[PDB]
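Note sheet for the following structure.
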Amino acid sequence: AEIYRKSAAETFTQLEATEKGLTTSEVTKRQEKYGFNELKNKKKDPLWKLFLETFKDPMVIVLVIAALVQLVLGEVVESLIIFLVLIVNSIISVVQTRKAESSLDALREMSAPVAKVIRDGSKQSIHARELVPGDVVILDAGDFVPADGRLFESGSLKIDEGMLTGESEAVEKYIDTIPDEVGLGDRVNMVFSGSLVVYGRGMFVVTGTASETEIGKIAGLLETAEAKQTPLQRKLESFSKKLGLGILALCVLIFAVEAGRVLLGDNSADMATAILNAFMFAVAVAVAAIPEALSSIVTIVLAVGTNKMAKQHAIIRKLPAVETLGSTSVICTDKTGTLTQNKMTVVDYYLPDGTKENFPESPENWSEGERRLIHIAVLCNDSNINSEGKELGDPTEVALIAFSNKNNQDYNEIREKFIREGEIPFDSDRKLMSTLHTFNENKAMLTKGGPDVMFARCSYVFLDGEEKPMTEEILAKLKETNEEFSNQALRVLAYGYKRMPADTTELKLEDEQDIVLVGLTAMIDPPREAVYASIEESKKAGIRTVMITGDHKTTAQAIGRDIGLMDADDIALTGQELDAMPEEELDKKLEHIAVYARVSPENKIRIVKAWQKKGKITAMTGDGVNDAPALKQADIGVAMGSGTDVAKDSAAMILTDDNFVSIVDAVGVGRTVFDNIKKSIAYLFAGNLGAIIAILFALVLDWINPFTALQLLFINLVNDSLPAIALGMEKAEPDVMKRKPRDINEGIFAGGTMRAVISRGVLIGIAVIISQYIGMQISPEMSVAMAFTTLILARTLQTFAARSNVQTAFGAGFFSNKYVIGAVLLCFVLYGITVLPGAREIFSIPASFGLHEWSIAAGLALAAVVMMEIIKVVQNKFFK
Ligand code: BEF
Ligand SMILES: [Mg+2]
Numbered sequence: 073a074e075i076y077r078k079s080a081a082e083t084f085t086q087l088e089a090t091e092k093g094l095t096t097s098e099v100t101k102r103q104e105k106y107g108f109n110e111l112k113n114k115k116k117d118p119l120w121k122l123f124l125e126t127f128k129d130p131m132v133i134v135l136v137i138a139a140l141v142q143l144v145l146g147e148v149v150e151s152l153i154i155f156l157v158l159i160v161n162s163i164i165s166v167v168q169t170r171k172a173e174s175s176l177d178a179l180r181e182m183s184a185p186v187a188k189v190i191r192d193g194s195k196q197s198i199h200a201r202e203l204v205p206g207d208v209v210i211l212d213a214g215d216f217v218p219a220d221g222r223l224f225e226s227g228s229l230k231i232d233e234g235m236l237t238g239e240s241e242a243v244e245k246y247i248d249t250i251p252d253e254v255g256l257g258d259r260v261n262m263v264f265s266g267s268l269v270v271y272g273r274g275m276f277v278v279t280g281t282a283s284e285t286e287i288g289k290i291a292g293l294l295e296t297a298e299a300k301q302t303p304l305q306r307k308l309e310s311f312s313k314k315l316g317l318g319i320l321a322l323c324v325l326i327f328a329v330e331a332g333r334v335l336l337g338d339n340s341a342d343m344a345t346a347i348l349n350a351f352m353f354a355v356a357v358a359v360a361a362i363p364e365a366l367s368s369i370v371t372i373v374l375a376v377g378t379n380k381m382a383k384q385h386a387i388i389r390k391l392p393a394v395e396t397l398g399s400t401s402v403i404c405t406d407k408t409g410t411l412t413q414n415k416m417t418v419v420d421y422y423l424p425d426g427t428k429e430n431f432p433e434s435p436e437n438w439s440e441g442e443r444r445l446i447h448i449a450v451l452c453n454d455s456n457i458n459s460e461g462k463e464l465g466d467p468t469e470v471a472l473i474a475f476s477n478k479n480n481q482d483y484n485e486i487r488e489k490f491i492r493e494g495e496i497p498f499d500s501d502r503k504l505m506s507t508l509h510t511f512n513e514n515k516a517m518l519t520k521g522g523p524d525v526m527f528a529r530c531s532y533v534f535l536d537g538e539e540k541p542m543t544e545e546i547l548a549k550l551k552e553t554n555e556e557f558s559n560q561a562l563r564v565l566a567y568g569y570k571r572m573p574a575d576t577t578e579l580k581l582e583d584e585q586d587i588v589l590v591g592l593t594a595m596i597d598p599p600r601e602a603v604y605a606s607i608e609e610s611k612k613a614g615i616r617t618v619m620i621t622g623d624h625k626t627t628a629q630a631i632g633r634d635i636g637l638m639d640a641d642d643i644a645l646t647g648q649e650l651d652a653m654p655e656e657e658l659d660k661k662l663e664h665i666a667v668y669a670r671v672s673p674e675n676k677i678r679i680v681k682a683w684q685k686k687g688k689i690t691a692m693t694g695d696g697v698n699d700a701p702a703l704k705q706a707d708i709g710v711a712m713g714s715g716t717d718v719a720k721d722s723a724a725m726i727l728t729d730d731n732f733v734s735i736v737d738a739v740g741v742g743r744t745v746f747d748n749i750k751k752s753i754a755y756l757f758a759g760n761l762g763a764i765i766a767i768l769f770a771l772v773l774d775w776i777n778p779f780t781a782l783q784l785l786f787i788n789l790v791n792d793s794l795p796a797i798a799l800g801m802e803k804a805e806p807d808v809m810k811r812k813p814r815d816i817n818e819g820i821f822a823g824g825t826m827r828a829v830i831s832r833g834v835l836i837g838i839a840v841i842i843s844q845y846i847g848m849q850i851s852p853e854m855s856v857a858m859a860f861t862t863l864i865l866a867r868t869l870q871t872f873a874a875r876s877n878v879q880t881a882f883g884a885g886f887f888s889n890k891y892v893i894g895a896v897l898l899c900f901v902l903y904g905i906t907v908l909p910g911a912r913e914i915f916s917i918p919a920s921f922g923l924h925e926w927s928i929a930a931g932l933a934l935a936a937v938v939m940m941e942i943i944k945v946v947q948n949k950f951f952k
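Here the working numbering is used: the first residue of the sequence shown is 73, the next is one more, and so on.
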């Protein structure tokens, strides 16, 4: 924050080193003191730590207590089933946590393997690991920067600072000390570790190593990035705490009821039998209320959504990440490589003849001026594309010839038509290269460079021909066009041709006057064709989009206004302004600011953290290294296929096809996934509530347990899991994309879903109560069998009613959800397996369970479902 401001001698004196180098004793003492230039990998959570962390869930705690109670009671099989369920849930959660945590290693491969360091007066290829502040490193083209440092001798050095600015653009490096504070991407006189050197030679003095570097700061932010809780995960945690409190209250009520039946009853009833009955009732309540298959069902629905969006070439590493997309309220975005294609292109153009909007794609129909413009654009080129669009040098020349080829006019044919006869490379202050290649029977010299230099050098122009050198009207029009392009943040290069000499004798400075401007071409990183549609859909979906980019203020403003991110002539927030902004000021000015420019990776993490502080599920989407801290910090991080590997790892999603529409598609798929998950959880907990009501009513009447532990485990694991998955297979709501993002504190049972849960559970419990009463009219074992049958069949047929909370199954399509019908049929098969003579004893179903008792129980379950439909109709007609 101060090294770049200080002079080269000042920072040399600060580090106690000279330009010659440092001795071996000094370098080894400085290596032993805060040395070891490398990104220390985080030890990260071991497997056992994650295992014990997964055991802190209230549902897991209640299930563990129930399993221990069953093991003490002698129910070895049911306790082992509960233990296996807990093992499966913990394994699933730990696997998901490991997949999320795979966003590690910080990509230390970005750091250079070697480093040309002059040590003890000798130049050696010392490995970048053994580098210390004070070490003087020589840089050349194609050499990764080993450590952060300040320039003191650099000859036309250019560094691809694509891991802070996020752009593969060769940033020019000058040794002059910066007198004023500049942004992290504008530090001209300071190299940064992990940034490739594109062109030129340089030699700097290291000022930072390991975590003190900017890539070190990025690695530190990645390591300290908060493991965000998924909105489904946080809703389930809150409802799990509530359900654990409710189950503890239910067990307290059970023990109090039994203690009352003993103390207020008679001394004949032994304490041991009553306490044993209380323990069985409490463990049955725990098993029933806790959905043992809930984690598996949620994981399966999330995997279904992940596969659905992987069909669109968007790999979602984290299973809850699709849900996190569904609950997204803010989409933070990078510009270079994420909004734009990270490929410079020519978008606009101008000639004194005029501008025909879009450049014609037919060279046969091309005008003379346009043809000469393209010619003096291609034959003066520096880059090339030969195989699979391989880029030769700077993206500016690549942009020029890509625009030339995009008009169905291959540049290679023109280059072979007009052989190069000498050229001058870039001359720093002289932006004009002015190649002197011989043309077709004209021997005209062609030039290309910056706007201002071209306009100052020449006075002629190509209006219709060799126009007389007047410089008022054409100059005004040219300047107006250039200023308009600059206001559009369009990079401008002006080209011309001179032919007076027609000799081409030497290759040196020539008559830089009278180059006869024929036109100039605009240039910018254009937004992806899918970006505008994605922005329009996100705004229609209530999701605001925020641009966080390393580009200058002008380019970010132009891109935001191009895609409708900002208002008319809005003002973006520079990275410097954000750095000078206290967190309170940023929070006060967060909704109003929609585009951030010239930001550092820590600035991106700061913006994402601030947006998450406002209770909004932030969707940071990026492709560069600078986005990786923000990708990890965001609740959902979205990467691109062409983005860097660290950005792909740090982001939950990876758009392999770089389709920005896939981001809004993921938002919609996640909304549908959360609707289906809420349907499945509502169904599971309505069945659980029915079982709980039946058990409590049996308790208060001194009745036998409606369902044993094995029966409840079977229902919750194989007879509710399949219908819950089927309801997770539900079709998308018609207005799934028009809904505002769901509240982060909405709760799992909200917006009429709690009412449906309560009604369905109450009716299921009432049916099981009536069935148990009818069974007790026969025998307690018959009561258990018929209560279990009624509960299992009511929960099987509850799939139809749980499809929608306002529209009945008869009216939403009874067979529209083929998964629901398949799950209902398979649950019928499973229940028929239960009433098999061999398996009757396992499910406490006596051999006397005749077809009359089955008919009564099945009719009670069907009446429960019919009354559930009737209650749904009464609810959506009367009160909402
Ligand atoms: F590469 Be970006 F636009 F931060
Ligand atoms: Mg980028």
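Beta carbons are placed, not taken as given, at the ideal position from N, Cα and C, and that holds for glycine.
- A Cβ-Cβ distance of about 6 Å is found for the pair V166 and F123, placing them in contact under the 8 Å criterion.
- Contiguous beta strand (DSSP E) elements confined to the region 106 to 138 do not occur, taking only those with 3 or more residues.
- Collapsing the DSSP output to three states places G274 in a strand.
- With a beta-carbon spacing of about 6 Å, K407 and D623 fall inside the 8 Å limit used to define contacts.
- The DSSP assignment places complete alpha helix (DSSP H) segments of no fewer than 4 residues inside the region 812 to 881 at 825 to 848 and 852 to 873, in order along the chain.
- With respect to the 9 Å criterion, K520 and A574 are not classified as neighbours on the basis of their beta carbons.
- Excluding five sequence positions before and after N477, the CB atoms of its chain that fall closer than 7 Å to its own CB belong to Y483, given in chain order.
- Just so you know, the alpha carbons of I473 and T90 end up roughly 46 Å apart.
- Remark: the C-beta of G715 is in contact range of ligand 2, defined as less than 8 Å to any heavy atom.
- Secondary structure in the region 473 to 543: the beta strand (DSSP E) runs of 3 residues or longer, each lying completely within the stretch, are 517 to 521 in chain order.
- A691 places its beta carbon less than 9 Å from that of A706.
- One residue list follows from the rule of a beta carbon closer than 7 Å to any heavy atom of ligand 1, given in chain order as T237, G238, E239, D406, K407, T408, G409, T410, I620, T621, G622, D623, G694, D695, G696, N698 and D699.
- Bounds of the alpha helix (DSSP H) holding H447 are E440 to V450.
- Looking from the CA of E556, the closest CA among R487, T626 and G288 belongs to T626.
- Excluding five sequence positions before and after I928, the CB atoms of its chain that fall closer than 8 Å to its own CB belong to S843, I846 and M858, given in chain order.
- Listed in chain order, the non-local C-beta contacts of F757 below 6 Å within the same chain comprise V829, local neighbours out to five positions each way being set aside.
- Looking at the DSSP output, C404 shares a beta bridge with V618.
- Counting every other CB atom within 10 Å of its CB across the protein chains shown gives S439 a total below 16, marking it as exposed.
- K681 and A711 have their C-alpha atoms some 18 Å from each other.
- Within the chosen limit of 8 Å, ligand 2 reaches the beta carbon of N414 through at least one heavy atom.
- Rounded to whole angstroms, the gap between the alpha carbons of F860 and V937 is 16 Å.
- 9 Å or more divides the Cβ of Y755 from the Cβ of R827.
- Its chain contains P424, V533 and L535 as the residues whose beta carbon lies nearer than 7 Å to that of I546, once the 5 sequence neighbours on both sides are disregarded; these appear in chain order.
- Relative to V370, the option among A358, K307 and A933 whose CA is nearest is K307.
- The distance from the Cβ of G274 to that of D220 is about 14 Å, inconsistent with a contact at the 8 Å cut-off.
- Beta bridge pairing from DSSP links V263 with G221.
- By the CB criterion at 9 Å, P363 and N760 fall inside the cutoff.
- DSSP places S226 within a strand segment (E or B) once states are collapsed to three.
- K390 and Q168 do touch by the CB rule: their CB atoms are close to 7 Å apart, below 8 Å.
- Under the DSSP definition of a beta bridge, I607 lacks any partner.
- A direct Cα-to-Cα measurement between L411 and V733 gives close to 11 Å.
- The beta carbon of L650 sits closer than 8 Å to the beta carbons of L658, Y668, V671, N675, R678 and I679 from its chain, once the five residues preceding and following it are set aside; these are given in chain order.
- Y569 carries a strand assignment under DSSP once its states are collapsed to helix, strand and coil.
- In the same chain as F511, and ignoring 5 residues on each side of it, the C-beta atoms closer than 7 Å to its own belong to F490, in chain order.
- For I75, the secondary structure class from DSSP, reduced to helix, strand or coil, is coil.
- In this structure, the CA atom of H199 is about 49 Å from the CA atom of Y569.
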